[PDB]
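Asker: Can you keep this structure in mind? I'll have questions shortly.
Just so it is clear, none of the values below were taken in a lab; they were calculated from the coordinates. Backbone-built Cβ (ideal geometry, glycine too); neighbour counts: all protein chains shown.
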Amino acid sequence: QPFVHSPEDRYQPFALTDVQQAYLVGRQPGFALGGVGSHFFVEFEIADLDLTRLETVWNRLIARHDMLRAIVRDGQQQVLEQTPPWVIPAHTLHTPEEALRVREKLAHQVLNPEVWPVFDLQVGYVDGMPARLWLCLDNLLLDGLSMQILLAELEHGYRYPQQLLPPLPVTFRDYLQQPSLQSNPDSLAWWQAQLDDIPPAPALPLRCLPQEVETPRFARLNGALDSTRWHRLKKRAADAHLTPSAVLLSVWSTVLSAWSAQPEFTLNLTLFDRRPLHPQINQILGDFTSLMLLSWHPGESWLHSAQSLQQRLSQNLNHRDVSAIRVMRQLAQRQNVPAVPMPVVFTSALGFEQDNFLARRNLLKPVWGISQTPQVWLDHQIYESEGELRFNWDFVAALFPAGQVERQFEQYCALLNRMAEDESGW
Ligand code: NA
């Protein structure tokens, strides 16, 4: 199948993906949460910031990546051909407390997707301290993998500002227009065949009704598993006939089981892999997200339920052309309820060749970040960098009893490290 380019329609409107549609309606009150945006915010520290150089690098990226010039207009998405160069706002701050107040303001801003730009990038100079770079990107337009690609290019361009990259020979707009993305065969039937075996989302203790949260604010807990333990864990996984993702999903689900009203539950898995329709498809920015339900059914031993989860994961992956968005509608109809939410999410950026993403010695040193997703209470995100497994839980703090998420994270980290070191649980 040869890829079909349409350069004459590069700036014409094109349809939103299912995920993008869900994000847009997620700005309003929903069945599982109040309205909230969908952006991704990171604060960097830069010693000896050269603003002119950073501005050059960032504007080159805007010109290079069509979806940085994209907007949502009249219920569709559209790439703007020419946008005014981004002149980086710079704040002059005297104390880190002043910088914190700016961080808090920018980290919870509302990106209006109808007016370019659907991003924000500002800098803050702190007297006698490294300068701050506050970057806000929207998952409505750039998925998790895309933001790793963009952040690595930003870091690379700032370190080596003399290098010029050749233009990209393929666009996200054309990718969505390809025939493969318009072909559901037995996948819809296969999912419908097991609606009666998909339990609800984790029944975690709440401190209030999630709909009674008018302005959801996300918080982050982050951790890492050292490279020696991550290597050993992946080896134990292989010996146990499990993928690394299945092990992490199984360790996480064990903690979630201990807290939930029912031990069995269903998670929503966020994946980023792309159909290989063009040899450079993995270099571009866009929304390639696929959503897939995965159910945890505990057994006698952790290993049994992990192996059972792996098998289910392998089968489910063979039917991702039917997204979890549709399966949740099918579940709601079979159960005669208005909606079946899945607000507990696992997001994996493993296996995408982004080695040394946010590497230790980066000039743009990440120090603080947060991400928001509508209709999601708890989002466990993972990626690998420098041989190390890095993870973070993004969650609506106000939803849960004080100390609860912090305690689950503590238990999860402890269980993760012990199973990497101790052969007992296997
Ligand atoms: Na987000």
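Asker: Percent antiparallel among DSSP beta bridges with both residues in segment 90-163, to the nearest 5? Could the numbers behind the result be given before it?
Answerer: Details: 6 of 10 bridges.
Bridges in segment 90-163 are about 60 percent antiparallel.
Asker: Could you sort the peptides 207-215, 404-412, 65-73 by per-residue average Cβ neighbour count (10 Å cutoff), highest mean leading?
Answerer: Numbers: 207-215: 12.0, 404-412: 17.2, 65-73: 21.0.
By packing density, highest mean first, the sequence is 65-73, 404-412, 207-215.
Asker: Can you figure out the FRET efficiency of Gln182 with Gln28, using R₀ = 30 Å and their beta-carbon distance, to the nearest 0.05?
Answerer: Working: r = 28 Å, r/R0 = 0.95.
Plugging the Cβ-Cβ distance into 1/(1 + (r/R0)^6) gives 0.60.
Asker: Sorted by mean Cβ packing within 10 Å, highest first, what order do the peptides 29-40, 192-203 take? Write out the running numbers ahead of the final one.
Answerer: Working: 29-40: 20.1, 192-203: 15.6.
In decreasing order of mean packing, 29-40, 192-203 become 29-40, 192-203.
Asker: Enumerate the calculated ³J(HN,Hα) couplings along segment 330-335 in order (Karplus 6.51 cos²θ - 1.76 cosθ + 1.60, θ = phi - 60°), each rounded to whole Hz, writing x wherever the residue is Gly or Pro.
Answerer: 3J(HN,Hα) across segment 330-335, in whole Hz: 4, 5, 5, 6, 5, 9.
Asker: Could you order peptides 149-160, 85-96 by the average number of other Cβ atoms within 10 Å of their residues, highest first? Walk me through the intermediate numbers first.
Answerer: Working: 149-160: 18.2, 85-96: 13.4.
Top to bottom by mean Cβ count within 10 Å: 149-160, 85-96.
Asker: Using only the alpha carbons, work out the radius of gyration and Dmax of segment 108-180 in angstrom.
Answerer: 15.9, 56
Asker: Rounded to the nearest 500 deg cm²/dmol, what is the calculated helix-only ellipticity per residue at 222 nm for the chain, with -39500 (n - 2.57) per DSSP H run of length n ≥ 4? Spell out each step's value before the answer.
Answerer: Numbers: 11 runs with 138 residues, N = 426.
Per the formula, -10000 deg cm²/dmol.
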